[PDB]
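Take a look at the letters that make up each chain.
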Amino acid sequence: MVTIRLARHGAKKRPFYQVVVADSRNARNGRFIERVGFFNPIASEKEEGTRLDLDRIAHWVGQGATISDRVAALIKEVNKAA
Amino acid sequence: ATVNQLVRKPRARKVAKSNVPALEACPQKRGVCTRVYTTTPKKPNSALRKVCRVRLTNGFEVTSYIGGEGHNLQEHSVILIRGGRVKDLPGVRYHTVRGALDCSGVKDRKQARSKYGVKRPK
Amino acid sequence: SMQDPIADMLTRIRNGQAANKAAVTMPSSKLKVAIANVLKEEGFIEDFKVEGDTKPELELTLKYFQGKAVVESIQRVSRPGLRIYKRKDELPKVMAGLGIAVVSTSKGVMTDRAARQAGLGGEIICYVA
Amino acid sequence: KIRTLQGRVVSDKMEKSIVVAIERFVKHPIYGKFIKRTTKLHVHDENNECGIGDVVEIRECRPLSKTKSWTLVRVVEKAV
Amino acid sequence: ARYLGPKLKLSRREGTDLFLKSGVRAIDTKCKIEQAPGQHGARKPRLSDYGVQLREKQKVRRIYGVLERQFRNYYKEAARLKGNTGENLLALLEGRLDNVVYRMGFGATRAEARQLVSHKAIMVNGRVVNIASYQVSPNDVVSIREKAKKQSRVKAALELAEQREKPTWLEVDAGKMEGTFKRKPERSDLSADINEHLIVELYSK
Amino acid sequence: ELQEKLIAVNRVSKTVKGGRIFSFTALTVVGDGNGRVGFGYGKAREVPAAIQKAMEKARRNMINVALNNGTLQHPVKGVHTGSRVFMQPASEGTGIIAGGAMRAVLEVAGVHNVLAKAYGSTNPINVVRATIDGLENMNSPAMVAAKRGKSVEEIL
RNA sequence: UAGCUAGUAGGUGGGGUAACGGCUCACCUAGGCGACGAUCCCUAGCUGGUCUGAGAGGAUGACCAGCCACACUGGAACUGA
RNA sequence: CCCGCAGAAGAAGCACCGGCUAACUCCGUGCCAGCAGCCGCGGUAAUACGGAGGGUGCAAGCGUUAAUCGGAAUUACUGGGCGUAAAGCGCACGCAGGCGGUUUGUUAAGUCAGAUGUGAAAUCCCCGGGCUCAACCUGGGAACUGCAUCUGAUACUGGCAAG
Ligand SMILES: [Mg+2]
Ligand SMILES: [Mg+2]
Ligand SMILES: [Mg+2]
Ligand SMILES: [Mg+2]
Ligand SMILES: [Mg+2]
Ligand SMILES: [Mg+2]
Ligand SMILES: [Mg+2]
Ligand SMILES: [Mg+2]
Ligand SMILES: [Mg+2]
Ligand SMILES: [Mg+2]
Ligand SMILES: [Mg+2]
Ligand SMILES: [Mg+2]
Ligand SMILES: [Mg+2]
Ligand SMILES: [Mg+2]
Ligand SMILES: [Mg+2]
Ligand SMILES: [Mg+2]
Ligand SMILES: [Mg+2]
Ligand SMILES: [Mg+2]
Ligand SMILES: [Mg+2]
Ligand SMILES: [Mg+2]
Ligand SMILES: [Mg+2]
Ligand SMILES: [Mg+2]
Ligand SMILES: [Mg+2]
Ligand SMILES: [Mg+2]
Ligand SMILES: [Mg+2]
Ligand SMILES: [Mg+2]
Ligand SMILES: [Mg+2]
Ligand SMILES: [Mg+2]
Ligand SMILES: [Mg+2]
Ligand SMILES: [Mg+2]
Ligand SMILES: [Mg+2]
Ligand SMILES: [Mg+2]
């Protein structure tokens, strides 16, 4: 089904995840419906590092989209921080 | 020239043939020396230029120059050929590579050693 | 056959300027008159005069300044063998804006600058320098 | 308002069917000349109403045969 | 990756003094600065347009100690940047960290400054920077770290620098051994003998 | 202040009963850096003499050129028999992007920012002749205003 | 390489498909494609892009991503959304 | 990534130097041996072969070969030509095709204008940010010159009607 999950991008030892809506069958970095954010796990202080378009995510979930565990965690973090 | 004419029959790109077609767009190719001989240069030159007619791995029978002073070549001697003509042997389009398979490096060379397959002296 | 009357007119103007002719006459048409009017407005010719009823003749009075021709160059651009139309962003600047380009727009025949100001392209008739 | 194309009837022999050239006056990619290009289409026409040489308006539809995916909507300039 | 050969040799070839020696002793005393290096120095052949351009480029490269690939990259970057290309190139070269260290005076030559930078003697904004090509930015403090603060070479270099002409685009504290890179120098601020235009033409053949 | 530079020096021969007579031709170009440029073609049995003759010729018969802020006034083409030349004004800082002969002529003329190309033959003397002709013909906006009987502001 | 095509082109009616359809079958009509290149022959996975070039172009389609086709060679279906 | 230890210690080659093209001399050979991208060089004073010294250019690379575009306006749409350089059919008629004097009306096909939709992400470019710097990664823009639909304008070209 449609899911919301991290797509690994960046360099070796320096991952940068693009949060994408995509049909689960597709490969991790392959075909995707919509790109709804990003997450930078090695991002330093005085840098944003995370950004999730929450409205779009809400819309897709409403449509019936599953969410990756990591993406769910990110959402929780965003809510707390904000 | 007339726009109508061009539309009717457009402009042909000038298909340039290669001058080293035995390579077949390869940088080098291996072959076996069918025959090793000397030949006379063209009208502004006098020499006995060393050359070997070689059957390549891909079938072609070419003629190849052998640069450097002296060589350890004879019939049934596996060599690598490269691109380059001898302007003054007519119809010779390929050089042997000194410092490859059966071909030895030039003896006692101290300059352009990389061009003649000679290892660095002490 | 005569296949391009505008071109013929332009050629006549060029030849007159070359030959120091005071005026140049040719069969009048509405398009020709419009082009002539544009030319007068921009000041590349002194005057035009349409004369006759059944088959009227346009008579242009050519312009000289220091013994030499005012219209340095005058080339047809769009032509029957090859029509040229441009959009407002593609309108040409002749001689880096010094010369004018006669453009036939939806709102009548006008110079390139005028056409650009209006905001519409059209058939590029000719360049004049 | 529906999408529709006009064209001259190039043939009307095959029964309930006509062939409709849809000449378009395109510009040449390179040379810039405007060339007349043609588009033959097998159009379905029930009642065999169309003649040859007839101008006819057509719309696209679900395929009715191997070659026939257009239907006529109205005939115009149907003189002989 | 570095030129390790004779320096006055390079200077003689160029014609000018490239500041490859500390400047304690005059270059006229250290070498025949007028005569070019080698068997055929006592001869000045008439130089082609290409030749003159090449010589100027070589001069600049020798002055800073940049090899060709890096220099070419610098030129491309300058060309990309807005404004005058030669001017931009000069600014970038000046911006280099080894160069700034030399200007401040934490080294008699750029070779010495480069050595210090490589050997981790120099902190940029309180952070040990190791790369000689590091572009220093405006308002950047650059300082000798304490272990290198005891160096007699550093203090001698400071003395020599005091003798030299001070740069307008830096502000340096000799006791603190720290200098603030206030702004990238303008072309009027850099030396007039450099004809950047030749370099631009050469890399835009 | 009359900057001059020699474009090309070429050896030419004449044949006589004895044998060949060689001589040298020098194509030079002088200009004041404010608009005035002039080329000269001198011939003598030796090169320095030839150059001097060329220089004198160039210094005389110069020609004025309408320069707009150290650049061309509009894109201009120029021909002289084989040499057909194109040269286009360019933004400040572009430099002279111009061939050999062409570069020399432009530089002495005083154009600091140009984009040129020499089509056709690139025979130095003809190419220089073509460039000078093109530069000469190139009119300014004040000139166009005068011709058309308008203000310069109406034309822009 | 100038002619090619008899399920061929269209119709009616049955059958078939998840679905329109000569997809298939029976009959009827004699059509259909073609110098805007049909047919035949050679070569080739296509695209975003890549290299080059001032541009217009030219060449190209490794890597990364979208689409397609194949799975020793030739056929076939079954199961199943 | 940081700290400490010892000691200049373990770390420079490749091509070229007649012109184009930055860099020249001596010796050896003597149209030989050989070189060469082009033009050319060598037949007993070789800056062109081979060695040496000196120099030039790149540098952990440097040359050679292959391949593409460029220069090449040398397929010329932008942007060529055809008296003698390659190029006017031996001459005509004529179907398809290309082009069409002049006026008014009409249409709105070409043309032009505006909007809407799309033109995946990456890539290219601009301003930023993160790896000590760079490469590299990355945020946001711009661009994707296109295509489609709707609504207009009607000067020009096309269609239609009368002249
Ligand atoms: Mg051929
Ligand atoms: Mg000879
Ligand atoms: Mg490196
Ligand atoms: Mg049925
Ligand atoms: Mg049924
Ligand atoms: Mg294949
Ligand atoms: Mg394939
Ligand atoms: Mg070009
Ligand atoms: Mg593969
Ligand atoms: Mg399959
Ligand atoms: Mg299979
Ligand atoms: Mg297998
Ligand atoms: Mg099988
Ligand atoms: Mg199942
Ligand atoms: Mg099943
Ligand atoms: Mg030289
Ligand atoms: Mg050699
Ligand atoms: Mg001897
Ligand atoms: Mg000797
Ligand atoms: Mg040589
Ligand atoms: Mg030698
Ligand atoms: Mg070309
Ligand atoms: Mg020609
Ligand atoms: Mg002839
Ligand atoms: Mg004839
Ligand atoms: Mg008409
Ligand atoms: Mg017609
Ligand atoms: Mg329309
Ligand atoms: Mg994109
Ligand atoms: Mg940064
Ligand atoms: Mg109309
Ligand atoms: Mg009309």
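Residues numbered from 1 in each chain as written, not as in the entry; some residues may be left out. Chains lettered and ligands numbered in written order. Part of a larger assembly, values for the part shown. Heavy atoms only, no water.

Method of structure determination, per the deposited record: cryo-EM was used for this entry, reaching 3.0 Å resolution.

Here the focus is the overall build of chain E. Helices and strands together make up the secondary structure of chain E, namely ten helices and four strands. Helices and strands in chain E line up, N terminus first, as α-α-α-α-α-α-α-β-β-α-α-β-β-α. Relative to a compact globule of 205 residues, whose C-alpha radius of gyration would be 17 Å, chain E shows 17 Å and is just as compact. Counting only residues that meet the buried cut, chain E has 45% of its 205 residues in that class. For chain E, the proportion of contacts with a sequence separation of at least 24, taken over those separated by at least 6, is 58%. Measuring between centres, the 42 positive side-chain charges of chain E sit 7 Å from its 25 negative side-chain charges. (Helix = DSSP H or I, 4+ residues; strand = E, 2+ residues; numbered from the N terminus. Rg over C-alpha atoms; globule rule 2.2 N^0.38 Å. Buried < 20%, exposed > 50% of the residue type's maximum accessible area, 1.4 Å probe, protein only. Contact = heavy atoms within 4.5 Å. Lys, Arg positive; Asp, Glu negative; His and termini not counted. Charge placed at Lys NZ, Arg CZ, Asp CG, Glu CD.)

A few words on the state of the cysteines. Chemically, a disulfide is nothing more than a covalent bond linking the sulfur atoms of two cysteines. Residues and elements named next belong to chain D. Taken as a whole, this structure holds zero disulfides over all chains when the rule is applied. Unpaired in terms of disulfides, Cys61 finds its nearest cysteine sulfur in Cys50, a separation of 14 Å. When its relative accessible area of 15% is taken as the criterion, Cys61 is described as buried. (Disulfide = S-S within 2.5 Å.)

With that settled, the discussion passes to the protein's contact with RNA strand H. Taken together, the neighbourhood of RNA strand H is formed by 111 residues, with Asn4(B), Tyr65(B), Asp88(B), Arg109(B) and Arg113(B) sitting nearest. A breakdown of the atoms of RNA strand H within 4 Å of the protein gives sugar and phosphate a share of 76%. Here a phosphate oxygen of RNA strand H sits 3.1 Å away from a polar atom, N or O, in the side chain of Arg3(D). The element contributing the most residues to the surface near RNA strand H is helix α3 (residues 49-64) of chain E, with eight residues. Taken together, the residues of the surface near RNA strand H sort by class into 38 nonpolar, 30 polar and 43 charged. (Near = heavy atom within 4 Å. Polar contact = N/O pair within 3.5 Å; in protein donor to acceptor, adjacent residues only side chain to side chain. Nonpolar A, V, L, I, M, F, W, Y, C, P; charged D, E, K, R; others polar.)

A word on the environment of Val30(F). Residues and elements named next belong to chain F. Position of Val30 relative to the elements: it lies in strand β2 (residues 20-31). Once the C-alpha coordinates of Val30 and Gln3 are considered, the two residues, 27 residues apart in sequence, prove to be 5.5 Å apart. If sequence neighbours within four positions are ignored, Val30 has contacts with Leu2, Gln3, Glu4, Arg36, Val37, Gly38, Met55, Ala58, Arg59, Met62 and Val108.

On to the pairing of strand β2 (residues 14-23) of chain A. Residue and element names in this part refer to chain A. Counting buried residues in β2 gives seven out of ten residues, a clear majority hidden from the surface. Taken together, the ten bridges between strand β1 (residues 2-11) and β2 define a ladder with antiparallel strand orientation. Bridging across to β2, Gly10 finds its partner in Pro15. From the end of β1 to the start of β2, which pair antiparallel, there are two residues, and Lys13 there has a positive phi angle of about 65°. By the bridge criterion, five bridges tie β2 to strand β3 (residues 34-39) in an arrangement that is antiparallel. Bridge assignment links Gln18 to a residue of β3, and that residue is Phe38. (Pairing = 2+ DSSP bridges.)

Here we come to the interface of chain F and chain C. Contact with chain F, which involves 16 residues of that partner, is made by 14 residues of chain C. With both sides pooled, the region where chain F packs onto chain C buries about 1200 Å², and carbon together with sulfur makes up 52% of that total. Sorting the residues of chain F by area buried against chain C places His74(F), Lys147(F) and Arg148(F) first, and these three jointly supply 49% of that buried surface. Across the contact surface, chain F and chain C share two salt bridges. The partner of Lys150(F) in a salt bridge is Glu42(C), and the shortest N-O contact between them spans 3.6 Å. Our count for the contact surface shared by chain F and chain C stands at six residue pairs in polar contact. (Buried area = accessible area lost by both parts, 1.4 Å probe. Salt bridge = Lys/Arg side-chain N within 4 Å of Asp/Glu carboxyl O.)

Glancing now at the pairing of β1(A). Examined bridge by bridge, β1(A) and strand β5 (residues 66-67) of chain A share two bridges and lie parallel to one another. Residue pairing across strands places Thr3(A) opposite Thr66(A), the latter belonging to β5(A).

Put simply, an interface is often sized by how much accessible area is lost when its parts join up. Residues and elements named next belong to chain E. Split by domain assignment, chain E resolves into domain 1 (7-93 + 190-204) and domain 2 (94-180). Between domain 1 and domain 2, the residue contacts involve 17 residues of the former and 15 residues of the latter. Summed over both partners, the interface of domain 1 with domain 2 buries about 1100 Å², with 46% contributed by carbon and sulfur atoms. When the area that domain 1 buries against domain 2 is broken down by residue, the three leading residues are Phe19, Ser22 and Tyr64, summing to 36%. Here domain 1 and domain 2 share zero salt bridges between them. Counting across the interface, domain 1 meets domain 2 through eleven residue pairs in polar contact. Breaking the side of domain 1 that touches domain 2 down by element, the ones donating at least two residues are α3, α4 (68-80) and α5 (85-95). For the side of domain 1 that touches domain 2, the element with the most residues is α5, which contributes four residues. Across the side of domain 1 that touches domain 2, the residue classes break down as 13 nonpolar, three polar and one charged. (Domains from an automatic or database assignment.)

Next up on the list: the protein's contact with RNA strand G. The environment of RNA strand G is made up of 23 residues, and the closest members are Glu15(D), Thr38(D), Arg62(D), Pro63(D) and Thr67(D). Within 4 Å of the protein, the contacting atoms of RNA strand G are 89% sugar and phosphate, with bases supplying the remainder. Side-chain polar atom of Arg13(B) to a sugar or linking oxygen of RNA strand G: 3.4 Å apart, as the coordinates give it. Of all elements in the fold, only β2 (17-21), β4 (34-37) and β5 (40-44) of chain D reach the threshold of two or more residues within the surface near RNA strand G. Taken together, the residues of the surface near RNA strand G break down into four nonpolar, eight polar and eleven charged.

All names here are of chain E. Here α4 is 13 residues long and its end C-alpha atoms lie 18 Å apart, about the 18 Å a rise of 1.5 Å per residue gives. Of the positions making up α4, those classed as buried are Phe71, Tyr74, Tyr75 and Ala78. Taken around the axis of α4, the buried residues stretch over an arc of 100°, which confines them to a single face. Exposed positions of α4 whose direction lies more than 90 degrees from the buried face are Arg69 and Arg80. (Expected span 1.5 Å × (residues − 1). Arc of directions from axis to C-beta.)

With that settled, the discussion passes to the packing of α5(E) against helix α6 (residues 97-104) of chain E. All names here are of chain E. One way to put it is that α5 packs onto α6 with a least axis distance of 5 Å and a crossing angle of 70°. As the angle between them shows, α5 and α6 are arranged roughly perpendicular. Contacts between α5 and α6 pair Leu93, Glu94 and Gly95 from the former with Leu97, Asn99, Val100 and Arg103 from the latter. Residue composition of the contact of α5 with α6, grouped by class: three nonpolar, two polar and two charged. (Axes fitted to C-alpha atoms, helices over the stretch in contact; angles between N-to-C directions. Parallel < 35°, antiparallel > 145°, perpendicular 65-115°, else oblique.)

Right, let's get into helix α9 (residues 152-163) of chain E. Residue pairs three or four apart in sequence face the same way in an α-helix, which turns once every 3.6 residues. Compared with the 16 Å implied by 1.5 Å per residue over twelve residues, the 17 Å span of α9(E) between its first and last C-alpha is a close match. At its buried positions, α9(E) is contacted by α6, α7 (110-118), β2 (140-144) and α8 (146-149) of chain E.

Applying the stated rule across the entire model yields 30 salt bridges over all chains. Among the salt bridges present, the one from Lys40(C) reaches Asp47(C), with a minimum N-O distance of 4.0 Å. Residue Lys40(C) is classed as partly exposed on the basis of its relative accessible area of 34%. Residue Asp47(C) is classed as partly exposed on the basis of its relative accessible area, which comes to 29%. Three or more residues joined by partner-sharing salt bridges are found here, namely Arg53(B), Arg55(B) and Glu61(B).

Each partner contributes residues to the interface: chain D has four residues there, and chain B has six residues. Here chain D packs against chain B, burying approximately 410 Å² in sum over the two surfaces, 76% of which is carbon and sulfur. Together, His28(D), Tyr31(D) and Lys33(D) form the three largest contributors to the area buried by chain D at its contact with chain B, with a combined 94%. The interface formed by chain D and chain B includes zero salt bridges. Where chain D meets chain B, there are zero residue pairs in polar contact. In the side of chain D that touches chain B, the residues fall into two nonpolar, one polar and one charged.

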